[PDB]
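Coordinates as given in entry35.cif (mmCIF, C-alpha atoms and all ligand atoms):
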```
data_input
loop_
_atom_site.label_atom_id
_atom_site.label_comp_id
_atom_site.auth_asym_id
_atom_site.auth_seq_id
_atom_site.Cartn_x
_atom_site.Cartn_y
_atom_site.Cartn_z
CA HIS A 4 105.97 284.23 254.87
CA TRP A 5 104.00 284.33 251.62
CA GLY A 6 105.69 283.85 248.29
CA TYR A 7 105.46 282.01 245.01
CA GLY A 8 106.64 278.53 245.97
CA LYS A 9 104.74 275.26 246.26
CA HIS A 10 104.16 275.71 249.98
CA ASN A 11 103.58 279.46 250.26
CA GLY A 12 102.30 280.46 246.83
CA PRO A 13 99.07 281.97 245.51
CA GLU A 14 96.93 278.89 246.32
CA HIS A 15 97.78 279.37 250.01
CA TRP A 16 97.32 283.15 250.27
CA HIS A 17 93.65 283.00 251.28
CA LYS A 18 94.54 281.50 254.65
CA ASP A 19 96.26 284.73 255.75
CA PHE A 20 94.33 287.11 253.43
CA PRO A 21 90.74 285.89 253.03
CA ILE A 22 90.04 288.68 250.51
CA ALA A 23 91.94 286.44 248.08
CA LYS A 24 88.55 284.85 247.36
CA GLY A 25 86.85 288.24 246.99
CA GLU A 26 84.64 289.73 244.34
CA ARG A 27 87.15 292.04 242.66
CA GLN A 28 90.43 290.19 242.54
CA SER A 29 93.24 290.62 239.98
CA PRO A 30 94.67 289.66 237.59
CA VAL A 31 92.05 288.51 235.10
CA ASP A 32 92.01 287.20 231.54
CA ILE A 33 90.98 289.92 229.10
CA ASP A 34 88.57 288.32 226.60
CA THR A 35 88.90 290.77 223.70
CA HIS A 36 85.59 289.77 222.11
CA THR A 37 83.64 290.35 225.34
CA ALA A 38 85.30 293.64 226.34
CA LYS A 39 83.05 296.63 225.74
CA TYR A 40 84.23 299.66 223.79
CA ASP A 41 83.19 302.69 225.85
CA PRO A 42 83.28 305.97 223.91
CA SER A 43 82.84 307.90 227.15
CA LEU A 44 86.37 306.87 228.20
CA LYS A 45 88.96 309.63 227.92
CA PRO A 46 92.51 309.37 226.70
CA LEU A 47 95.11 308.73 229.37
CA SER A 48 97.18 311.67 230.49
CA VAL A 49 100.66 310.55 231.56
CA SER A 50 102.81 313.41 232.90
CA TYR A 51 106.19 312.01 233.84
CA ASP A 52 108.41 314.89 232.66
CA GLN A 53 109.29 315.86 236.26
CA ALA A 54 109.66 312.37 237.72
CA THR A 55 112.32 311.93 240.39
CA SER A 56 113.44 308.37 240.90
CA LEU A 57 115.16 307.59 244.18
CA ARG A 58 116.16 303.96 244.81
CA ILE A 59 116.01 300.48 243.32
CA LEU A 60 115.44 297.59 245.70
CA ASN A 61 115.01 293.83 245.84
CA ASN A 62 112.09 293.24 248.23
CA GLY A 63 112.20 289.45 248.07
CA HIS A 64 109.19 289.23 245.73
CA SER A 65 110.22 291.48 242.85
CA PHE A 66 112.50 294.48 242.34
CA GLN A 67 111.07 297.97 242.43
CA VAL A 68 112.12 301.49 241.58
CA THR A 69 110.72 304.13 243.94
CA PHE A 70 109.90 307.75 243.18
CA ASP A 71 109.52 310.96 245.21
CA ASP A 72 105.76 311.22 245.65
CA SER A 73 105.78 314.22 248.05
CA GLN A 74 104.49 316.54 245.28
CA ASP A 75 102.64 316.28 241.93
CA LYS A 76 105.80 315.57 239.87
CA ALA A 77 104.82 312.44 237.97
CA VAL A 78 101.08 311.98 237.68
CA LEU A 79 98.47 309.98 235.87
CA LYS A 80 95.12 311.58 235.02
CA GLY A 81 92.22 311.01 232.63
CA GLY A 82 91.19 307.67 231.23
CA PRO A 83 88.64 306.17 233.65
CA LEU A 84 90.05 308.19 236.56
CA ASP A 85 88.68 311.06 238.54
CA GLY A 86 91.37 313.26 240.00
CA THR A 87 95.12 313.03 240.16
CA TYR A 88 97.19 309.95 240.86
CA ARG A 89 100.89 310.20 241.82
CA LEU A 90 103.55 307.72 240.67
CA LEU A 91 104.98 305.81 243.64
CA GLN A 92 106.96 302.93 242.18
CA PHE A 93 107.26 300.47 239.35
CA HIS A 94 108.10 296.77 239.42
CA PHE A 95 107.84 293.70 237.23
CA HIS A 96 106.49 290.18 237.22
CA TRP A 97 108.19 287.58 235.03
CA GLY A 98 108.55 283.91 234.21
CA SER A 99 111.09 281.13 234.04
CA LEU A 100 110.37 280.68 230.29
CA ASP A 101 109.35 283.19 227.61
CA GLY A 102 105.83 281.75 227.38
CA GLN A 103 104.78 282.78 230.89
CA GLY A 104 105.33 285.58 233.33
CA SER A 105 102.55 288.11 232.87
CA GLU A 106 99.75 288.35 235.37
CA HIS A 107 97.04 289.57 233.01
CA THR A 108 96.42 287.47 229.94
CA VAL A 109 94.79 288.41 226.65
CA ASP A 110 92.56 285.74 225.15
CA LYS A 111 94.47 283.33 227.44
CA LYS A 112 97.79 284.43 225.89
CA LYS A 113 100.59 284.94 228.45
CA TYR A 114 103.42 287.40 227.87
CA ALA A 115 107.03 287.05 229.12
CA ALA A 116 106.62 289.70 231.76
CA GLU A 117 104.42 292.50 233.04
CA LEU A 118 105.39 295.96 234.16
CA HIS A 119 103.29 297.69 236.85
CA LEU A 120 103.46 301.43 237.35
CA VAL A 121 101.73 302.07 240.65
CA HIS A 122 99.97 305.39 241.38
CA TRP A 123 97.87 306.59 244.32
CA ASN A 124 94.96 309.01 244.50
CA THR A 125 96.11 312.28 246.06
CA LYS A 127 92.75 313.01 247.65
CA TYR A 128 93.63 310.39 250.29
CA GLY A 129 96.87 312.09 251.37
CA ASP A 130 99.15 309.08 251.68
CA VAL A 131 99.39 305.62 250.11
CA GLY A 132 98.43 303.84 253.33
CA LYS A 133 95.04 305.56 253.37
CA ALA A 134 94.57 305.03 249.62
CA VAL A 135 94.87 301.26 249.88
CA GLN A 136 91.75 301.28 252.11
CA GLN A 137 89.58 302.92 249.44
CA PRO A 138 87.91 301.41 246.36
CA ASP A 139 89.44 304.11 244.11
CA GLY A 140 92.74 304.47 245.96
CA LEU A 141 95.26 303.18 243.41
CA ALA A 142 95.67 303.13 239.64
CA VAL A 143 98.11 300.65 238.20
CA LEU A 144 99.25 300.92 234.62
CA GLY A 145 100.06 297.46 233.30
CA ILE A 146 102.33 296.99 230.30
CA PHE A 147 103.13 293.64 228.69
CA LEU A 148 106.66 292.64 227.67
CA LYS A 149 107.35 290.35 224.73
CA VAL A 150 110.75 289.04 223.74
CA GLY A 151 112.18 290.52 220.57
CA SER A 152 114.29 293.63 220.06
CA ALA A 153 115.93 295.39 223.00
CA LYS A 154 114.24 298.29 224.78
CA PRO A 155 116.91 300.99 225.18
CA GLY A 156 115.03 302.67 228.02
CA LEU A 157 115.17 299.50 230.11
CA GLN A 158 118.93 298.96 229.89
CA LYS A 159 119.79 301.26 232.83
CA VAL A 160 117.58 299.07 235.04
CA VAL A 161 119.13 295.83 233.71
CA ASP A 162 122.66 297.06 234.32
CA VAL A 163 122.20 297.65 238.06
CA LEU A 164 120.46 294.36 238.90
CA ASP A 165 123.69 292.61 239.86
CA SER A 166 124.00 295.11 242.74
CA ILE A 167 120.59 294.09 244.21
CA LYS A 168 120.78 290.34 243.68
CA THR A 169 119.39 289.25 247.03
CA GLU A 170 116.47 290.20 249.25
CA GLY A 171 116.85 293.50 251.12
CA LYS A 172 119.57 294.97 248.90
CA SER A 173 119.01 298.48 247.55
CA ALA A 174 120.94 301.04 245.53
CA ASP A 175 120.69 304.70 244.57
CA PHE A 176 118.81 304.96 241.28
CA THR A 177 118.44 308.62 240.40
CA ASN A 178 117.58 310.35 237.13
CA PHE A 179 115.71 307.45 235.59
CA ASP A 180 113.01 308.52 233.11
CA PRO A 181 110.02 306.15 233.14
CA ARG A 182 108.81 307.54 229.81
CA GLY A 183 111.34 305.19 228.19
CA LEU A 184 109.23 302.19 229.24
CA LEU A 185 105.97 303.18 227.48
CA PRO A 186 104.73 301.79 224.16
CA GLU A 187 103.76 304.10 221.30
CA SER A 188 100.02 303.80 221.77
CA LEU A 189 98.16 304.42 224.99
CA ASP A 190 95.03 302.45 223.99
CA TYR A 191 93.86 300.44 227.01
CA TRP A 192 91.47 298.14 228.78
CA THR A 193 90.22 299.01 232.25
CA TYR A 194 88.40 297.18 235.06
CA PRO A 195 88.10 297.45 238.86
CA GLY A 196 90.38 295.07 240.70
CA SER A 197 92.91 294.42 243.43
CA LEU A 198 96.56 294.28 244.36
CA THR A 199 98.00 291.07 242.88
CA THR A 200 100.14 290.42 245.98
CA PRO A 201 99.20 290.39 249.63
CA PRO A 202 97.42 292.16 251.17
CA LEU A 203 95.29 291.72 247.98
CA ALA A 204 93.29 294.87 248.80
CA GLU A 205 90.45 295.70 246.43
CA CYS A 206 91.56 299.25 245.83
CA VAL A 207 92.86 299.32 242.24
CA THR A 208 91.59 300.74 238.99
CA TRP A 209 93.53 298.64 236.48
CA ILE A 210 94.62 300.22 233.19
CA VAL A 211 96.19 297.59 230.95
CA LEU A 212 97.80 298.79 227.73
CA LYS A 213 97.00 296.97 224.52
CA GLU A 214 100.44 297.44 222.93
CA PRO A 215 103.26 295.42 224.43
CA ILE A 216 106.83 296.64 224.61
CA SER A 217 109.64 294.47 223.25
CA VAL A 218 112.68 293.54 225.34
CA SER A 219 115.61 291.36 224.30
CA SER A 220 116.32 287.83 225.47
CA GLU A 221 119.48 289.19 227.14
CA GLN A 222 117.46 291.77 229.06
CA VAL A 223 114.88 289.30 230.47
CA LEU A 224 117.60 286.79 231.26
CA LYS A 225 119.03 289.30 233.74
CA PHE A 226 115.69 289.44 235.59
CA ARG A 227 115.87 285.65 235.99
CA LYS A 228 119.24 285.84 237.76
CA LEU A 229 117.83 287.71 240.78
CA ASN A 230 117.30 285.76 244.02
CA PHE A 231 114.22 285.44 246.25
CA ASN A 232 116.51 284.63 249.17
CA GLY A 233 118.73 286.85 251.29
CA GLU A 234 122.52 286.76 251.10
CA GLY A 235 123.87 283.66 252.85
CA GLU A 236 120.67 281.64 252.40
CA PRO A 237 120.20 278.76 249.93
CA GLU A 238 119.92 280.23 246.38
CA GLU A 239 116.45 280.25 244.89
CA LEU A 240 116.12 282.08 241.58
CA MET A 241 113.52 284.83 241.41
CA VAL A 242 111.26 283.56 238.63
CA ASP A 243 107.55 283.02 238.17
CA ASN A 244 106.52 285.76 240.56
CA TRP A 245 103.08 286.07 239.02
CA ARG A 246 99.59 285.36 240.31
CA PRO A 247 97.29 283.32 238.05
CA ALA A 248 94.11 284.83 236.60
CA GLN A 249 91.15 285.10 238.94
CA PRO A 250 87.41 284.91 238.23
CA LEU A 251 85.90 288.02 236.68
CA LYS A 252 82.61 287.62 238.61
CA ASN A 253 80.33 290.67 238.36
CA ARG A 254 82.69 292.90 236.38
CA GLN A 255 82.89 294.24 232.83
CA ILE A 256 86.16 295.06 231.14
CA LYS A 257 85.96 298.25 229.09
CA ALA A 258 88.14 299.14 226.10
CA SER A 259 89.17 302.65 225.04
CA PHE A 260 89.44 301.55 221.43
CA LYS A 261 87.63 299.58 218.78
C1 LIG B 301 105.01 293.32 247.80
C2 LIG B 301 103.82 294.16 248.14
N1 LIG B 301 103.31 294.95 247.07
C3 LIG B 301 101.97 295.48 247.25
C4 LIG B 301 101.78 296.51 248.35
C5 LIG B 301 102.42 297.83 248.06
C6 LIG B 301 103.87 297.59 247.85
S1 LIG B 301 101.79 298.64 246.62
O1 LIG B 301 102.79 299.52 246.08
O2 LIG B 301 100.51 299.24 246.95
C7 LIG B 301 101.51 297.34 245.51
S2 LIG B 301 101.09 297.50 243.93
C8 LIG B 301 101.01 295.82 243.69
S3 LIG B 301 100.51 295.23 242.10
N2 LIG B 301 101.31 293.88 241.77
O3 LIG B 301 99.10 294.94 242.22
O4 LIG B 301 100.81 296.34 241.18
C9 LIG B 301 101.31 295.05 244.89
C10 LIG B 301 101.61 296.04 245.89
ZN ZN B 302 102.63 294.03 240.29
#
```
Could you write out this structure as structure tokens?
Amino acid sequence: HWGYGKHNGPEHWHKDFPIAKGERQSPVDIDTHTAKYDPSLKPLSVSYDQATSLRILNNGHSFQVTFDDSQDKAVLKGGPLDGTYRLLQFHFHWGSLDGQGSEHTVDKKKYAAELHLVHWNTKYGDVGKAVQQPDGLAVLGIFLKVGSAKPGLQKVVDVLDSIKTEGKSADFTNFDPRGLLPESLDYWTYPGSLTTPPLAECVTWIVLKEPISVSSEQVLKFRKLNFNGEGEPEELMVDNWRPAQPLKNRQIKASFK
């Protein structure tokens, strides 16, 4: 029922999910002059060497790649986190034009897209329990700007025509998510929420400072996906981003000066 259109988009979500007007909603604008450098923050530890991707699917809101999270194969540790978080899936948010598409903004600047790598805290046993806890999820957010092609993204781009419409999925094994990371792991972090329904306030956000570059031809392929199912009127899957929400009583911390 919810989506990103005029009649079911983010301005309507509160009617079904009242937490939309909550105290720790995401995304937010990162004001770089107001963020606080925190020397107590540790470097991120990203251990994706043993990642096992399974499937790629169009869920009607985005496309996502899912991973085997039945063991500690691909994990995120360190940074602002206590304990071990397992990689579950990644997905993107993007725009109709190159000047919009990211969810987070930096000094009000929007990027062409935003990549979310979603991880859940293993102390809670399964992702469903984790979403009910204030430290249940950690999402690594990476900005995409348009420039040179990202070789590590091309395998994803090449299969999108096979999942054009809602509900379509395909086998997507042996994909290495390390190919999507920037060089630097410097980051901002703040406590927030899922950016789609159910909008649960269960996420430690880790947003990387360094964007990755993708080519115009790569992003164009994202824009050819459909929100609709096969045999419904065609509606292009674009602008699947939630606008920035009020920071309220939160401080954004930076790992770097
Ligand atoms: C379409 C629903 N997506 C929801 C529910 C679960 C799928 S999830 O994996 O906990 C997750 S992560 C994000 S985001 N955009 O904050 O990273 C949204 C979602
Ligand atoms: Zn997302």
Note to self: List as a list in words the protein and nucleic acid residues near residue 236 in chain A, meaning an atom at most 12 Å away when only C-alpha atoms are counted, but skip any in the same chain fewer than 4 places from it.
What the structure shows: residues 169, 170, 230, 231, 232 and 240 of chain A
Next item on the list: Could you please extract the residues within 9 Å of ligand ZN 302 (chain B), counting only C-alpha atoms and all ligand atoms, and hand them back as a ChimeraX atom specification?
Entry: /A:65,93-96,106,117-121,143,145,198-200,245
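Separating CA of residue 68 in chain A from CA of residue 225 in chain A is a distance of 16.1 Å.
Proximity ranking of A:197, A:220, A:11, A:260 relative to residue 25 in chain A places A:197 first, based on only C-alpha atoms.
Using all atoms listed in the file for every distance, the candidate list A:71, A:234, A:34, A:239 yields A:234 as the residue closest to residue 166 in chain A.
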Next item on the list: Give me, please, the distance in Å between CA of residue 250 in chain A and CA of residue 150 in chain A, quoted to one decimal.
Entry: 27.8 Å
Next item on the list: Determine the nearest neighbour of residue 191 in chain A from the options A:174, A:229, A:258, A:223, counting all atoms listed in the file.
Entry: A:258
Notebook entry, point to check: Any idea what's packed within 8 Å of residue 216 in chain A, counting all atoms listed in the file, ignoring anything in its chain fewer than 5 positions away? Could you give it as a ChimeraX atom specification?
Noted result: /A:146-149,154,184-186
Item checked: Non-local contacts of residue 246 in chain A (12 Å; only C-alpha atoms; under 4 positions in same chain excluded) as a count of residues only -> 34
How big is the axis-aligned box around the listed atoms of ligand LIG 301 (chain B) once 4 Å is added on each side, and where is its centre? Give both in Å to one decimal, as lines of an AutoDock Vina configuration file.
```
center_x = 102.1
center_y = 296.4
center_z = 244.8
size_x = 13.9
size_y = 14.2
size_z = 15.2
```
Margin query: I want to know what sits within 8 Å of residue 179 in chain A, based on only C-alpha atoms, with residues of the same chain fewer than 3 positions away left out; could you give that as number ranges by chain?
Written below: A: 55-56, 159, 176
Prev. selection, C-alpha atoms, output as a PDB file, in the coordinates of the input:
```
ATOM      1  CA  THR A  55     112.320 311.930 240.390  1.00  0.00           C
ATOM      2  CA  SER A  56     113.440 308.370 240.900  1.00  0.00           C
ATOM      3  CA  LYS A 159     119.790 301.260 232.830  1.00  0.00           C
ATOM      4  CA  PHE A 176     118.810 304.960 241.280  1.00  0.00           C
TER       5      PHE A 176
END
```
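In terms of minimum interatomic distance to ligand LIG 301 (chain B), A:130 ranks closest within A:187, A:180, A:130, A:19, counting all atoms listed in the file.
Shortest separation to ligand LIG 301 (chain B) among A:46, A:156, A:202, A:181 occurs at residue A:202, atoms counted being all atoms listed in the file.
Here the question is which of A:204, A:49, A:22, A:109 gets nearest to ligand LIG 301 (chain B) using all atoms listed in the file, and that residue is A:204.
Coordinates place atom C8 of ligand LIG 301 (chain B) at a distance of 20.3 Å from CA of residue 85 in chain A.
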Check: Residues at most 9 Å from residue 140 in chain A, counting all atoms listed in the file, excluding those fewer than 5 positions away in the same chain, as a PyMOL selection string?
Finding: chain A and resi 88+122-125+127-128+131+133-135+206-208
Would you export the selected residues with C-alpha atoms as an mmCIF file, in the frame of the given file, please?
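See again.cif below for the written result:
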```
data_model
loop_
_atom_site.group_PDB
_atom_site.id
_atom_site.type_symbol
_atom_site.label_atom_id
_atom_site.label_comp_id
_atom_site.auth_asym_id
_atom_site.auth_seq_id
_atom_site.Cartn_x
_atom_site.Cartn_y
_atom_site.Cartn_z
ATOM 1 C CA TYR A 88 97.190 309.950 240.860
ATOM 2 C CA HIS A 122 99.970 305.390 241.380
ATOM 3 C CA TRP A 123 97.870 306.590 244.320
ATOM 4 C CA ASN A 124 94.960 309.010 244.500
ATOM 5 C CA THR A 125 96.110 312.280 246.060
ATOM 6 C CA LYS A 127 92.750 313.010 247.650
ATOM 7 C CA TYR A 128 93.630 310.390 250.290
ATOM 8 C CA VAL A 131 99.390 305.620 250.110
ATOM 9 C CA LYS A 133 95.040 305.560 253.370
ATOM 10 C CA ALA A 134 94.570 305.030 249.620
ATOM 11 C CA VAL A 135 94.870 301.260 249.880
ATOM 12 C CA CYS A 206 91.560 299.250 245.830
ATOM 13 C CA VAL A 207 92.860 299.320 242.240
ATOM 14 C CA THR A 208 91.590 300.740 238.990
#
```
Item checked: Residues within 6 Å of (87.1, 287.8, 240.1), counting all atoms listed in the file, listed as number ranges by chain -> A: 26-28, 249-252
